[PDB]
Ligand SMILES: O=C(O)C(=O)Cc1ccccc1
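Below sits a lone chain in structure tokens, taken as the form deposited without 3-phenylpyruvic acid.
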């Protein structure tokens, strides 16, 4: 009845997409690391969603967001289409730094946002508890955790019946994350 905490540290491959899948929508993958003891996270992957229309390229990014220091660092690579007898050409962008307020998935998100248990469902071939909460003024979210281990399996941001982003975590590990993962330098 009181939602659980997320694991103290976890990392996983992720798969990121949308419901419904609209023509422009992308299905992407990457890897992410969350260390709530250090209060730092890292996400590496093609950014989803990313407007190629507005920018002229598709972005690959590695972001290290340190909520303890309140700073983020982003390594960025642009992949643009070049008309040729068509090619993709990589173009590194400047690293970007700036402020960082909180981790993308806070360890206590279900407790602090008042999540309710919506039941159990099969997610990624596993028995999962579904925890539904409101992001105030923003919309609903549902986080699916493995029923036995309590590790994240699927984050749904929005409602699947109208428009939601989905992120799946197929191989969560609670192993120690070495300092170097969070070094925040290419």
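Positions refer to the first chain, counted from 1.
Only in words, not in the display: the form solved in complex with 3-phenylpyruvic acid, which the text now covers.
Of the residues 147, 124, 61, 67, which one places a heavy atom within 4.5 Å of 3-phenylpyruvic acid in the bound PDB entry?
Answer to the contact question: 61.
Among 40, 43, 156, 128, which has any heavy atom within 4.5 Å of 3-phenylpyruvic acid in the bound PDB entry?
Result of the distance check: 43.
Heavy atoms within 4.5 Å of 3-phenylpyruvic acid in the bound PDB entry: does residue 11 have any?
Residue 11: no contact with 3-phenylpyruvic acid in the bound PDB entry.
In the bound PDB entry, residue 105 touching 3-phenylpyruvic acid (heavy atom, 4.5 Å):
Taking the distances in the bound PDB entry, the answer for residue 105 is yes, it comes within 4.5 Å of 3-phenylpyruvic acid.
Would you classify residue 47 as touching 3-phenylpyruvic acid in the bound PDB entry, given a 4.5 Å non-hydrogen atom cut-off?
Within the cut-off, so yes.
Under a 4.5 Å heavy atom criterion, is residue 151 part of the interface with 3-phenylpyruvic acid in the bound PDB entry?
No, residue 151 sits far enough from 3-phenylpyruvic acid in the bound PDB entry that none of its heavy atoms falls within 4.5 Å.
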